[PDB]
Amino acid sequence: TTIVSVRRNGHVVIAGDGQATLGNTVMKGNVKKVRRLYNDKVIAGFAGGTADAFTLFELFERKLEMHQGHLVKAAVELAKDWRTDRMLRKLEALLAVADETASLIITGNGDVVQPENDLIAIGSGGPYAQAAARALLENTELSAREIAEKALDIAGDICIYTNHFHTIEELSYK
Amino acid sequence: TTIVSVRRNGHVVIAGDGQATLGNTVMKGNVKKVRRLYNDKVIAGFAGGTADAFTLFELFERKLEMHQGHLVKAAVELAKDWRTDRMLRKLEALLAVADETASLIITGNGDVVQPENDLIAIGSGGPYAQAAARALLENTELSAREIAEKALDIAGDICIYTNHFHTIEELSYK
Amino acid sequence: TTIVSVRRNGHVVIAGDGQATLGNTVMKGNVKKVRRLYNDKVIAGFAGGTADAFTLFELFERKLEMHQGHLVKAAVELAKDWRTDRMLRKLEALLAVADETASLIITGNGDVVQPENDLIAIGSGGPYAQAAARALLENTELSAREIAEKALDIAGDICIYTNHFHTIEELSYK
Amino acid sequence: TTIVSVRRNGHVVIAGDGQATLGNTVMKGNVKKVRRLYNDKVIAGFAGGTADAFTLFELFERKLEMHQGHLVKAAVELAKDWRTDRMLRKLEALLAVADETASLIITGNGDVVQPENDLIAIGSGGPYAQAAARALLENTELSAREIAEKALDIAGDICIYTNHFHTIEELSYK
Amino acid sequence: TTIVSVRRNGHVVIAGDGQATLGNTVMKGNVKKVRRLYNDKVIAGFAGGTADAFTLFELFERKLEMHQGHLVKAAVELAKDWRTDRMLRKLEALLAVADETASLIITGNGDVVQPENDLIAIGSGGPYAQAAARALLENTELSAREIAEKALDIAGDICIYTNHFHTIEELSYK
Amino acid sequence: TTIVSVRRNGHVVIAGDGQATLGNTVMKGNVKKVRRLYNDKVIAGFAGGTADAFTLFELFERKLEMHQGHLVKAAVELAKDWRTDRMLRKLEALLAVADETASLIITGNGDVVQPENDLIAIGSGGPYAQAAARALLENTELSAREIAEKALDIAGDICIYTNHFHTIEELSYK
Amino acid sequence: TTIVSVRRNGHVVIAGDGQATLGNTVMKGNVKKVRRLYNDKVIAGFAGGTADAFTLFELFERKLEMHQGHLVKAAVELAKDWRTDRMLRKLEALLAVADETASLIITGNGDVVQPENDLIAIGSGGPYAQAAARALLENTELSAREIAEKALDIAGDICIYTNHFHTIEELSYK
Amino acid sequence: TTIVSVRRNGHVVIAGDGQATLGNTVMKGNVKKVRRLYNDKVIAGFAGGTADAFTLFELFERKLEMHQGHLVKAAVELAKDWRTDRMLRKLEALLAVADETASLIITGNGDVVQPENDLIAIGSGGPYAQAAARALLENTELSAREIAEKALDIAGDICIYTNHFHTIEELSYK
Amino acid sequence: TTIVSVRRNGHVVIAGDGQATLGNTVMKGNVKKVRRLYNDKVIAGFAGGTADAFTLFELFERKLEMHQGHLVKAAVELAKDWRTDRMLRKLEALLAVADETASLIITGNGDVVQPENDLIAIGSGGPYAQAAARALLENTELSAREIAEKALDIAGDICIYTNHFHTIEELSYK
Amino acid sequence: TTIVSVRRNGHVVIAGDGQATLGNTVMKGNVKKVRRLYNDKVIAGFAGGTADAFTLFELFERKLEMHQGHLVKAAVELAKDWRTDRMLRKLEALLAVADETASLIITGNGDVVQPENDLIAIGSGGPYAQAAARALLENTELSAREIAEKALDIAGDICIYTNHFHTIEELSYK
Amino acid sequence: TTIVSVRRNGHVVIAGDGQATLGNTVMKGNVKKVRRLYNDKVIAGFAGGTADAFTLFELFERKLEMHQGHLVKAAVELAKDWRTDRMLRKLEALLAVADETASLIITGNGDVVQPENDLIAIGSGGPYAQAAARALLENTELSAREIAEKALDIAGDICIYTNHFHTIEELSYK
């Protein structure tokens, strides 16, 4: 799976493919890896278990209620619980979550990372996506969405675990 | 890679995809895995190294000169040399080779196998292809080529190491 | 083992084989892998412990009583407790469950999955069944049952862990 | 160890050898691997720890008190507890248990298996015993006991972890 | 990563690089590895989870409030809870913390360590920094800062996991 | 390391970085990975032993003298001896070689490969270069050189085994 | 073992420690790891077997006779033979060799490396030595010998496989 | 690390080196591995974690309060708790502890060992120390301290994980 | 280590050696592996932690007080708590315990074992003792003691983990 | 397999069992592991391959022709060839060979061993046999043959890879 | 095994133990590890194959005849052929050889080594001997012999692979 987030001109997106792999075979090709949270004010993508994600995203909206939409703070409370809690600790996922404020990554290792230009590329195909996203951001006037999409397809072309089915969520605050 | 051979009504084909994988990434998407040998009277596909194949196919045409096109005999002489010879022994490939006479597999283990209905499906995607080829052969009046193709695409859909680029070689003796 | 579900024309089936393996030998050849549930309105197949099964399917029916036949909801509840309950967590299986509404998979991870066309193929022989089910579904008029069947035999013919003993549970609705 | 159960003409037996192996050496040659439970109405054999078995068999008689001798039901309650309970989970054994009703296997994996003709053959020598038991059941008019015994000796001859010391328990309901 | 502390002439620094690695690729190049604490009387560098850090440094300040700036004591308290608390135990990091009093390391093992000359060099690039810090400290008049710097660049020049983005937190006292 | 070749508008380049790694440290930062050959009519990049290189590129030029600049043919000859000669077999590398005719890869396996659009990206940083080269090639008018460059920096920015020292060998023909 | 070569002001040195380690114990503390070759015009150090080195250095003087003291050329002929020859291939060492012309490393992988300022640091302690050598070269007016020595001692202090026994060979061409 | 205890003529000592090793590098050279406990009436050395030791030694003084300085009894209570307690169980150290009564070793395996002449030599260098201590005790009239010291240095000379920094604690009861 | 029990003519002994090993060296040569219990009516040998032992044998005596010398019963109780109690579970050993009644083994698994002729041989040298004890028992009139002895020396002569220091605890009854 | 040689009163024997084990199963129970060589003047047993032995014993008779029956000399010539020769090196066996002169072992490691009293016990059951043989030799007036036999049976009783089928060869020179 | 050489006051000895081990048991207890050579002017000890030895020591004497007693030279010749000759290469051992001139080690690697004070300690018990030899050599007036002896016993007392059977070969010269 590959998940890409690009942010440009009051527009931030999160795109992901839809391949689920079991060993050396495709189990499902249309997994929805990107969704909306917190009255649609937040976009998010995840690598790994769907139910695992469902649980982590729910908790996140929760932490968000507790910090008035402050992305980062609620983001850390989750990176906090995630590593402490005996149950959450067992969960396995890679969260990519964004809003008008900022974009960031959330790992089970109690980490909240905010890459260089809010450019996120997680998943087995992450780096390939990042590489293309980078090339495009710095040499074309393309939109966030256009980049996320063209980047993700490139990833899809190189990464054996990423396909071409997409799901995109956008956020405009301009 | 997946290679499928189907034989129906004086028509025998050999189809293969074109993915070359390095670790978890696609190195090349249009590898030509099927070709012609012996004044076009023989069709052949291979899993593994291209140069490796080139060497083994050359020798095969050779063995064919030595047995007047007798597929099987020349096939075994190759399965013979392949395991004995200090150099060939190092080669690694999976040969699928056919003519109007019969279709067969040739392994470095000095094996020449002729599956149940001349139906061959080698490669990481082999079984998936075989399964579809089987379903189609026994429930539709489709041509060899149609089956090889539809089977290969199915393989391509399931196998993470097989793509949708095809190369087909057909032989009509009707 | 191999479990295949197929829904075509107001008919939806679940078919499984009967091999129980241990190491490299067959412990049992007639295991019942497909049963009925919720006053025979729901069908289901399972890969795993026979008792494991008996506890999950019971709980399911239970969840169905709590959501009046709403397949999905109960399904999500089950997958919900399954990954939470300290007792249920140790249980291991692969339920394939379906009714006139929809077909779907439940994995101990807590995932409820709805494959592309209500086509389910779980178990080591899973993909070989899928491959053949797909090929039949897209190139013949055969009935949902006939497909599960033929697919399953093909699975059993390739998978060293799947045999030819079958169990089918159909369901007509239109 | 090898444990064989055969049932023929209102006569069901359970036979087992008596070897205990430590690494590559025989630690004990007369281990009693078969015994009686529930006012002698039930026969049982076990592969693995003696104390482990003692604990599991005790609980089983218990579950039997709770289900009026209903073998199967009490059998599952045990396959249930066995996988759930934090303590039992650590136990390691393979239970073979029979009565006039039916014979079955009970694994720590929450499994209760009833082989094809109530023919059970568990243990490193299981398959060899099964193979002989099968040959004898279908080609001679021999008693359950005669088969169990001759089968077990054959196992003993082939399996390096099974000896020729026997313990048999029989049950006649004719 | 690489964290270097150096104390010479009433000046004590902590300098770290900014590389975040995952597998064989760079996830982030500008991580803030060195921050300030206890009303900016204390400096500190950390190798590990960004949130992990945020929880430890907070607790530290907390411990400092309980021992009025007594670096060491608070440091021992922190290392004390860290290996005891069921939540804190799962946290993983490497704090380098220091003030005019003394410089020191705190490891999740519960160790508070005071290296030979308040010279700290933690992280995969640790020793290459040490090696160069030592060489500068013993053969030049350079300032504490200048050393941490130069040392760190040298570290980044050798360590595949350390880069040239820096973060320095000085402290003058005399 | 990372070697990128790119051919656009009668211009074809080969660009490589200069990092030499050993374990987790940098042994050299300025290795010359791209040189010229055949009286400067041919360009080439190589990943591997510096002497290894020196023997292969020499032999190549030699093969070119035997096929009057026919890139491909010489290339096949080289790949031919390389897998045969008892001395050459032990040599390990990855040549990327190209001229106005065509660009291509030669692997010790004996393979001569011509990637989709004369786009070559070999080395651990290979795919990150590819990903970015592809993105630039398909969304900007940039020159072949400019792409190799930018691509390579992006590679070096992600790959822990690739740096920013470059070596470029262009070639104009039209 | 650690071997350091520094070159400054018409003065080039090669210093090495003298520890030989067997498992976790010191077998010998005064191994002579540096010596002179080719009528004293060449200095050299080696990591690994003494006899192994003796053989490789002999051959090197030989190759030197064949190339009129041309260090580099003779250096490559050795990196050539070393990887080809069936006997030499088995040898295991790391050669560091210098003259007034230049300093370089010679590996069994058919590699001849000339680090950035003729600064060589091979051996388990290599990097630590390099780091100190670097710090000293760029911040003090110290001689080659002084650096090699102070660097080597630092290495010795950090590397568990390097001691403080030294052997130095110098070369003055000023 | 190496820890040696020798007892001769109403004089018992405990000597240890001060090396802390991280992988293949020296992290600290002056670790204090020997200390005093219980109003100075008890001497003690430890191999492993400092904080780990701190915790175990504290508890030991405690157990000592509970058994009126009876070394052995309090020693066993600690070997008792150490293996039982869920927390202590995780601790890792090797205790060497002595008083005028006797000297002994205390392992996490619930073991309290009193070597042949109160001669203790634990740590990676233990055996080498023991060997020298033995030679000296039985062939010279040297004091406990002299032996501990000369033995420890020998260890230090042979063991790659032991240095020459010492800490000694003596006890005179004559 | 090696523990041998032998009962012949109203005499029953337990004999063990004294080697304590760690890695490939001898930590102690005089460990007391055989002691007395229950007001010296019962003898016993143990392989394992010295403190571990001290806790088990105490509990045993305790159990004996609860079943008036009924060796077996107490033995079963001990083996019962041993595998249940959360504290006792972590304890590891091998008790050989016996009296005029009977001889037997107790393993942390919870097993109480009575070997063929009250002949016990536990420990790495176990079988070599058994082999010799058996040979003496069946071909000579030697006393129970004399056998344990001679057997044990033979054990010590073969087993690298067993020495010639002995501890014997006899018992006459008739 | 177990092979025992005993020599007493001008009588020397070689006894061996007859089990051949494949994995965990008995493949053959009457393998002849002992035979005669050199006009019956020499007795011999072997552990391992039969054909392997056949080849080694043939060569031995040969070496014997070349050294006039001098056991030892011819024995070493074989231990010589065995390790040198490119073909013999691949052979795997354990030779036990005796004559009136002396008994000895011959390993592929170029070793010729003459145990303490010409007492040989090789094979997985070797030690158990040796232990019994020892006990018997030093406490009974039994013949060589009686010991070899009783020892071998004991081995057979303990060793899971040795059975009770025997082959004995004796030699009387009195 | 353990071989100790010690030269003090015109006396030089070589002493070895006699244990031959295989797995975890003793195959022989009286192996002769120290012999004489070159018309008894030279002494030597060896760790390894008994025949292996016999071939090396012979060749040595041979080399000595070619360099008139020049220990070192012959020693270098031996180490020279040893790593070259296709036959000798497979031989494995550890010669310790010495005369009035000097003492030294020869390893199959081709190394001739002269340890610090003609003190040799090879074999698994090597360092424990060294440790004690050093301690005696530096703190007592004992003779070379007496040291080798005492050292060796100490070795045998610690090393599980070394025993107390000795073989000493002295040499007086002054």
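- The deposited coordinates, according to the entry record, derive from X-ray crystallography at 2.80 Å resolution.

## What to know about the overall build of chain A
Line of reasoning, step 1. Counting its secondary structure elements, chain A contains four helices and 11 strands.
Line of reasoning, step 2. Taken over the C-alpha trace, chain A has a radius of gyration of 15 Å; the compact-globule value for 174 residues is 16 Å, and the two agree within 12%.
Line of reasoning, step 3. For chain A, the spread of C-alpha atoms along the three principal axes comes to 40 × 40 × 25 Å.
Line of reasoning, step 4. By the burial criterion, 63% of the 174 residues in chain A qualify as buried.
Line of reasoning, step 5. Taking the contacts inside chain A whose residues are at least 6 apart along the sequence as the reference set, 59% of them involve residues at least 24 apart.

## Brief notes about the packing of helix α3 (residues 126–137) of chain B against helix α4 (residues 144–158) of chain B
Residue and element names in this part refer to chain B.
Line of reasoning, step 1. Running from N to C, α3 and α4 cross one another at 140 degrees; their axes reach a closest spacing of 8 Å. Judged by the inter-axis angle, α3 sits oblique to α4. Of the two possible hands of crossing, α3 and α4 adopt the one that is right-handed. Contact residues: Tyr 128, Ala 129, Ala 132, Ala 133, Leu 136 and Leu 137 in α3; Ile 147, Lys 150, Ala 151, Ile 154, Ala 155 and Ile 158 in α4.
Line of reasoning, step 2. Looking at the contact of α3 with α4 residue by residue, the class counts come to 11 nonpolar, no polar and one charged.

## Brief notes about helix α4 (residues 144–158) of chain J
Line of reasoning, step 1. With 15 residues, α4 of chain J extends 21 Å between its outermost C-alpha atoms, agreeing within 8% with the 21 Å of an ideal straight helix rising 1.5 Å per residue.
Line of reasoning, step 2. Contact partners of the buried residues in α4 of chain J: β4 (25–28) of chain D, α3 (126–137) of chain I together with β1 (2–7), β2 (11–16) and α3 (126–137) of chain J.

## What about the relation of the copies chain F and chain A?
Line of reasoning, step 1. The transformation that overlays chain F on chain A combines an axial shift of 0.2 Å with a rotation of 178 degrees, and the residual RMSD is 0.3 Å. The operation mapping one copy onto its partner corresponds to a two-fold rotation axis. Across chain F, the smallest distance between a C-alpha and the rotation axis is recorded for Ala 132 of chain F, namely 2.1 Å.

## Points about the sheet that holds strand β6 (residues 42–48) of chain H
In a beta sheet, neighbouring strands are held together by backbone hydrogen bonds and run either parallel or antiparallel to one another.
All names here are of chain H.
Line of reasoning, step 1. One open sheet accounts for five strands, arranged β5-β6-β7-β8-β9; its pairing is antiparallel. A single partner strand is all that each edge strand has here, and the edge strands are β5 (34–37) and β9 (111–113). In this sheet, neighbouring strand axes are inclined to one another by 25 degrees on average, regardless of whether the strands run parallel or antiparallel.
Line of reasoning, step 2. When strand β7 (residues 93–98) meets strand β8 (residues 103–107), the two strands line up antiparallel, connected through five bridges. Note that in β8 the partner of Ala 98 across the bridge is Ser 103.

## Section: the interface of chain D and chain J
Line of reasoning, step 1. On the side of chain J, 11 residues touch chain D, which itself brings 11 residues to the contact.
Line of reasoning, step 2. Between chain D and chain J the total buried area reaches about 890 Å² when both faces are included, carbon and sulfur atoms providing 63% of it.
Line of reasoning, step 3. Considering only the side of chain D, the residues that lose the most area to chain J are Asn 24, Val 26 and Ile 160 of chain D, jointly responsible for 55% of the buried surface there.
Line of reasoning, step 4. Residue assignment for the side of chain D that touches chain J shows that the elements contributing at least two residues are β4 and α4 (144–158) of chain D.
Line of reasoning, step 5. Of the residues that constitute the side of chain D that touches chain J, the class distribution is six nonpolar, four polar and one charged.

## Section: the sheet that holds strand β10 (residues 120–122) of chain C
Residue and element names in this part refer to chain C.
Line of reasoning, step 1. Sheet architecture is open: four strands sit in the order β10-β1-β2-β11, paired in antiparallel fashion. Single-partner strands in this sheet number two, and they are β10 and β11 (167–169). Between one strand axis and the next, the sheet turns through 10 degrees on average, direction left out of account.
Line of reasoning, step 2. Two strands pair when backbone bridges link them, and strand β1 (residues 3–7) and strand β2 (residues 12–16) are joined in this way by five bridges, in the antiparallel orientation. When the sheet's bridge partners are listed, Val 6 is paired in β2 with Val 13.
Line of reasoning, step 3. Together, β1, β2 and β11 form the strand contacts of helix α4 (residues 144–158), whose direction differs from that of β1 by roughly 155 degrees.

## A short note on the interface of chain F and chain A
Interfaces are frequently sized by the accessible area removed from exposure as the parts join.
Line of reasoning, step 1. Each partner contributes residues to the interface: chain F has 15 residues there, and chain A has 15 residues.
Line of reasoning, step 2. Of the roughly 1,200 Å² buried where chain F meets chain A, counting both sides, 73% is carbon and sulfur surface.
Line of reasoning, step 3. Where chain F meets chain A, there are two salt bridges.
Line of reasoning, step 4. Residues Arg 134 of chain F and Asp 157 of chain A are paired through a salt bridge, measuring 3.7 Å at the closest nitrogen-oxygen approach.
Line of reasoning, step 5. Here chain F is connected to chain A by one residue pair in polar contact.

## Thoughts on the UniProt feature "binding site: Na(+)" in chain A
Residue and element names in this part refer to chain A.
Line of reasoning, step 1. Within the UniProt annotation, "binding site: Na(+)" is assigned to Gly 156, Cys 159 and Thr 162.
Line of reasoning, step 2. Along the chain, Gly 156 falls in helix α4 (residues 144–158).
Line of reasoning, step 3. Residue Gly 156 is classed as buried on the basis of its relative accessible area of 9%.
Line of reasoning, step 4. Residue contacts for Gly 156: discarding those within four places in its chain leaves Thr 162, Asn 163 and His 164.
Line of reasoning, step 5. Relative to the elements of secondary structure, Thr 162 occurs in the loop between α4 and β11 (167–172).
Line of reasoning, step 6. Judged by relative accessible area, which is 4%, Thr 162 ranks as buried.
Line of reasoning, step 7. Setting aside its immediate chain neighbours within four residues, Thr 162 contacts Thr 1, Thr 2, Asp 17, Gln 19, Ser 124, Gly 125, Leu 152 and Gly 156.

## Concerning the UniProt feature "active site" in chain A
Residue and element names in this part refer to chain A.
Line of reasoning, step 1. The positions that UniProt labels "active site" are, in the present scheme, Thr 1.
Line of reasoning, step 2. Take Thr 1: it is sitting in the segment before β1 (2–7).
Line of reasoning, step 3. Judged by relative accessible area, which is 19%, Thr 1 ranks as buried.
Line of reasoning, step 4. Those residues in contact with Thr 1 that lie beyond four places of it in its chain are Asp 17, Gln 19, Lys 33, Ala 47, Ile 122, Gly 123, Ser 124, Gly 125, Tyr 161 and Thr 162.

## Some points on the environment of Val 72 of chain A
Residues and elements named next belong to chain A.
Line of reasoning, step 1. By secondary structure assignment, the location of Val 72 is in helix α2 (residues 71–84).
Line of reasoning, step 2. You can call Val 72 partly exposed: its relative accessible area is 31%.
Line of reasoning, step 3. For the pair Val 72 and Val 113, spaced 41 residues apart in sequence, the C-alpha to C-alpha distance is 9.9 Å.

## Some thoughts on the relation of the copies chain D and chain J
Line of reasoning, step 1. Of the transformation superimposing chain D on chain J, the axial component is 0.0 Å and the angular component is 180 degrees, with the fit at an RMSD of 0.0 Å.
Line of reasoning, step 2. The overlap is high: 100% of the interface residues of chain D also sit at the interface in chain J, so the same surface is used on both sides.

## Quick look at the packing of aromatic side chains
Line of reasoning, step 1. With the rule as written, the count across this model stands at 16 aromatic pairs over all chains.
Line of reasoning, step 2. Their ring planes at 65 degrees and their centres at 5.8 Å tell us that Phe 46 of chain J and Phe 57 of chain J sit as a pair that is edge-to-face. Remark: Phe 57 of chain J occurs in helix α1 (residues 50–65) and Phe 46 of chain J occurs in strand β6 (residues 42–48); sequence separation between them is 11 residues. Neither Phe 46 of chain J nor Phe 57 of chain J differs from the other in exposure class; each is buried.
Line of reasoning, step 3. The ring of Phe 54 of chain D is capped by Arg 35 of chain D, whose NZ or CZ atom sits 5.2 Å from the centre of that ring.

## Topic: the pattern of salt bridges
When the charged atoms of two side chains with opposite charge come close together, those side chains can pair.
All names here are of chain B.
Line of reasoning, step 1. Counted according to the given criterion, the structure contains 86 salt bridges over all chains.
Line of reasoning, step 2. Here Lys 80 and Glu 77 are joined by a salt bridge, their closest N and O atoms 3.5 Å apart. You can see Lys 80 and its partner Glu 77 sitting in helix α2 (residues 71–84), three residues apart, about one turn around the helix.
Line of reasoning, step 3. Residue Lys 80 is classed as partly exposed on the basis of its relative accessible area, which comes to 36%.

## Notes on the pairing of strand β1 (residues 2–7) of chain D
Residues and elements named next belong to chain D.
Line of reasoning, step 1. For β1, the tally of buried residues reaches six of six residues, placing the bulk of the element in the interior.
Line of reasoning, step 2. Here four bridges tie β1 to strand β10 (residues 120–123), and the two strands are oriented antiparallel to one another. In the strand pairing of β10, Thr 2 is matched with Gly 123.
Line of reasoning, step 3. The pairing of β1 with strand β2 (residues 11–16) spans five bridges and is antiparallel. Across the sheet, the residue bridging to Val 4 is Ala 15, located in β2.
Line of reasoning, step 4. Here β1 folds back onto β2 in antiparallel fashion, the turn holding three residues, of which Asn 9 has a positive phi close to 55 degrees.

## Some remarks on helix α4 (residues 144–158) of chain K
Line of reasoning, step 1. For α4 of chain K, the complete set of buried residues consists of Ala 144, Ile 147, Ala 148, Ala 151, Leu 152, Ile 154, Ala 155, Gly 156 and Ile 158 of chain K.
Line of reasoning, step 2. Elements that come into contact with the buried residues of α4 of chain K comprise α3 (126–137) of chain H, β4 (25–28) of chain I together with β1 (3–7), β2 (12–16) and α3 (126–137) of chain K.

Rules behind the numbers
Residues numbered from 1 in each chain as written, not as in the entry; some residues may be left out. Chains lettered and ligands numbered in written order. Part of a larger assembly, values for the part shown. Heavy atoms only, no water. Helix = DSSP H or I, 4+ residues; strand = E, 2+ residues; numbered from the N terminus. Rg over C-alpha atoms; globule rule 2.2 N^0.38 Å. Buried < 20%, exposed > 50% of the residue type's maximum accessible area, 1.4 Å probe, protein only. Contact = heavy atoms within 4.5 Å. Axes fitted to C-alpha atoms, helices over the stretch in contact; angles between N-to-C directions. Parallel < 35°, antiparallel > 145°, perpendicular 65-115°, else oblique. Left-handed = near helix turned anticlockwise from the far one by under 90°. Nonpolar A, V, L, I, M, F, W, Y, C, P; charged D, E, K, R; others polar. Expected span 1.5 Å × (residues − 1). Least-squares fit on C-alpha atoms. Pairing = 2+ DSSP bridges. Buried area = accessible area lost by both parts, 1.4 Å probe. Salt bridge = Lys/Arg side-chain N within 4 Å of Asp/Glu carboxyl O. Polar contact = N/O pair within 3.5 Å; in protein donor to acceptor, adjacent residues only side chain to side chain. UniProt positions renumbered as here; feature names shortened; annotations may be inferred. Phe/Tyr/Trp six-rings, centres within 6.5 Å; stacked < 30°, edge-to-face > 60°. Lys NZ or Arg CZ within 6 Å of the ring centre and 35° of its normal.

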